[PDB]
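Undergrad: Mind looking over this structure? Questions follow.
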Amino acid sequence: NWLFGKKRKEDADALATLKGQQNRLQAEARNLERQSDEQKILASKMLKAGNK
Amino acid sequence: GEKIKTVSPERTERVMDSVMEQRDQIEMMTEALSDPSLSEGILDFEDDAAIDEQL
Amino acid sequence: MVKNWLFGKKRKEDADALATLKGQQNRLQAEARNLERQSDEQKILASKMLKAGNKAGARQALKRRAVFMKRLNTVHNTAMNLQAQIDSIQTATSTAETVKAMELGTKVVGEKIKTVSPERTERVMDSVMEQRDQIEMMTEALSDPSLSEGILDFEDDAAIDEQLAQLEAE
């Protein structure tokens, strides 16, 4: 009876937790990619400016 | 420290998880046995119309 | 009559630890009382230095009193910390007993749930439903009105219709 709704709620909560954690990981990956692109452009710029 | 090592928090988590699971299983077993579809059994084909008029 | 050897051993150890903590707490309370007495004496002395016409001595006595009250505060806080440790010991003991009781109950209910599983209850209820259906079909087969009726009107109730009409007119 009422246990079926509880099971559905538990599955939905577990999926919500997993998706939220995946959202944090995707945000961190986006930040890392931003930093890597910035770093590549900076390296090209300072090689233009003459340092190895 | 000796007490905390004996009854660790992981042990309490296991005990409470077992209590929750067993409570769920007792509820499901005791609601399976109480399904009104048996004592009802045969239901109105007219879908309560005769009992409506009786009331 | 089961002896719990380890339980009694640990009980003696915890009782000795509680006795040690209570004794040190009592010592700290006595020291706090003595420091309060000394502070009161210093305040009386400060009052006498004020009356006699010696403000420097009054300031001296009040500084000494301030040191005594700071020591009193430190002693009182230490005694409160010892009380907190005693409460932690008693809370850990109670929590251990609660977890043991819960584990015992869980063991019993687990044995019951394994014996009468939910699949077993599903099988029993399915058998009850099937047998109820078969009893209903058997007991309605035997009650078909076509027998006691048997021969039905070829005119299809016309004669009985007119008989009912004639009895109504009667």
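Note that we place each Cβ from the backbone using ideal geometry, even for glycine, and neighbour counts take in every protein chain shown. Computed from the coordinates by the stated procedures, all read-outs in this text should not be read as laboratory data.
Undergrad: Checking the a/c ratio against 1.5 first, then a/b against b/c, what shape does the Cα gyration tensor give for the protein assembly as shown?
TA: In terms of gyration-tensor shape, prolate.
Undergrad: If you don't mind, there's one more thing I want to ask. Which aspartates and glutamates have a Cα lying under 17 Å from the Cα of C:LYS22, excluding residues fewer than 8 positions away in the same chain?
TA: The reachable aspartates and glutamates, counting only those whose Cα sits under 17 Å from C:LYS22, are C:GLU13, C:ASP14, C:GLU31, C:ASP87.
Undergrad: What is the Cα centroid distance between the range C:109-166 and chain B, reported in whole angstrom?
TA: Cα centres, the range C:109-166 to chain B: 31 Å.
Undergrad: Using the charge dipole of chain A (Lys, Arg: +1 at Cβ; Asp, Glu: -1 at Cβ; taken about the Cα centre), state which of A:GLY50, A:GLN21, A:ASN31 has its Cα farthest towards the positive end.
TA: Checking the options against the dipole of chain A, the answer is A:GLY50.
Undergrad: Taking neighbour counts of Cβ atoms within 10 Å as a proxy for exposure, in what order, fewest first, do A:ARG34, C:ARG64 appear?
TA: A:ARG34, C:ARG64
Undergrad: Leaving out same-chain residues fewer than 8 places away, which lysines sit with a Cα under 18 Å from that of C:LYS55?
TA: C:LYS43, C:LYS63
Undergrad: Still on this model: How large is the charge dipole for chain B, taken about the Cα centre, if only the Cβ atoms of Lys, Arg (+1) and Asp, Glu (-1) carry charge, to the nearest 20 debye?
TA: Magnitude of the dipole: close to 1060 debye.
Undergrad: Specify whether the C-alpha gyration tensor of the range C:1-126 places it in the rounded, prolate or oblate class, a ≥ b ≥ c being the square roots of the eigenvalues: rounded for a/c under 1.5, otherwise prolate if a/b is larger than b/c and oblate if not.
TA: Prolate is the answer for the range C:1-126, as a/c is 1.5 or above and a/b outweighs b/c.
Undergrad: Which of the GluC sites (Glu not before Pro) across the range C:132-166 are loop residues per DSSP, with 14 or fewer other Cβ within 10 Å?
TA: Here the GluC sites (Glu not before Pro) that fit, given the DSSP loop and packing criteria, are C:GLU155.
Undergrad: Also, I was wondering about something else. Could you work out the mean count of beta carbons from other protein chains within 10 Å of each residue's beta carbon in B:13-19? Don't skip to the end; give the middle numbers.
TA: On the way: counts 0, 3, 8, 3, 1, 7, 5.
Counting other chains' Cβ atoms within 10 Å and averaging over B:13-19 gives 4.
Undergrad: A follow-up question, please. Please report, in debye to the nearest 20, how large the charge dipole of the range C:16-103 is about its Cα centre when each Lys and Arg carries +1 at its beta carbon and each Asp and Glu carries -1 there.
TA: Around 1100 debye, computed over the range C:16-103.
Undergrad: Specify the angular offset, from 0 to 90 degrees and rounded to the nearest 10, of the alpha carbon long axis of helix B:9-32 from the longest principal axis of the alpha carbons in chain B.
TA: 10 degrees
Undergrad: Can you give the calculated 222 nm mean residue ellipticity of chain B, where each DSSP H run of n ≥ 4 adds -39,500 (n - 2.57) and the sum is split over every residue, rounded to the nearest 500 deg cm²/dmol?
TA: -20500 deg cm²/dmol
Undergrad: Rounded if a/c is under 1.5, else prolate if a/b beats b/c, else oblate: with a ≥ b ≥ c from the C-alpha gyration tensor eigenvalues square-rooted, which is chain B?
TA: Prolate is the answer for chain B, as a/c is 1.5 or above and a/b outweighs b/c.
Undergrad: Here is a follow-up. Assign unit charges at the C-beta atoms only (+1 for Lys and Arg, -1 for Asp and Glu), then state the dipole size of the protein assembly as shown relative to its Cα centre in Debye, rounded to the nearest 20. Write out the running numbers ahead of the final one.
TA: Working: 43 positive and 51 negative charges, 1757 e Å.
That gives a dipole near 8440 debye.
Undergrad: Please give every one of the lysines within straight-line cross-link reach of C:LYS3, meaning a C-alpha to C-alpha distance under 21 Å, and leave out same-chain neighbours fewer than 8 residues apart.
TA: Output for C:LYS3: B:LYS3, C:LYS12, C:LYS100.
Undergrad: Using the Karplus curve 6.51 cos²θ - 1.76 cosθ + 1.60 with θ = phi - 60°, what ³J(HN,Hα) values do you get for each residue of the range C:37-54, in whole Hz, with x for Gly and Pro?
TA: Rounded to whole hertz, the list is 4, 4, 4, 5, 4, 5, 5, 4, 4, 4, 4, 5, 4, 5, 5, 5, x, 9.
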